[PDB]
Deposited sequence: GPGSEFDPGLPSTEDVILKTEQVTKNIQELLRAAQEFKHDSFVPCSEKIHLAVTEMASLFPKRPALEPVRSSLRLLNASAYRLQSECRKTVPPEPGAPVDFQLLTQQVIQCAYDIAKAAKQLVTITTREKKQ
């Protein structure tokens, strides 16, 4: 079936907390915090998605989970560009990082919303 609304929120809290930390690091130009923030966010997002089936039956759940997971992966994909092992544009980079964080938060709400109606 579906997880409870209370459980979804409970997992969402750890997601928003880490995204806030990411936004905080972006405002202070602490780009070295981008990678570990994306790691924290990914792990929190992963735990949230674990509440829902791997292959969900409903369509809104399937689409929201897809966006949630892809954005989380896309987030640490962008954050990985902060460290070139061997020129880095932080302006273009931070724009993409925030948009990913937004998409994660957006998909998180969609999951809470569809769960509330079923409660």
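According to the record, no C-alpha positions are given for deposited positions 1-8, 95-97, 131-132, numbered from 1.
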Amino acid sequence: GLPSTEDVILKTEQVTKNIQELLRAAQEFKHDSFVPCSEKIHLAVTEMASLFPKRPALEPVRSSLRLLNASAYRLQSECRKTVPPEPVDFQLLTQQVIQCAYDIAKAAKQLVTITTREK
From here on, numbers count along this sequence of modelled residues.
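With 25-33 and 40-48 compared on mean CA B-factor from the PDB entry, the stretch scoring higher is 25-33.
Of the two segments examined, 71-79 and 53-61, it is 53-61 that shows the higher average Cα temperature factor in the deposited entry. Among the modelled residues of its chain, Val8 has a C-alpha B-factor that falls in the lowest third according to the deposited record. When the modelled residues of the chain are ordered by their C-alpha B factor, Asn18 lands in the lowest third.
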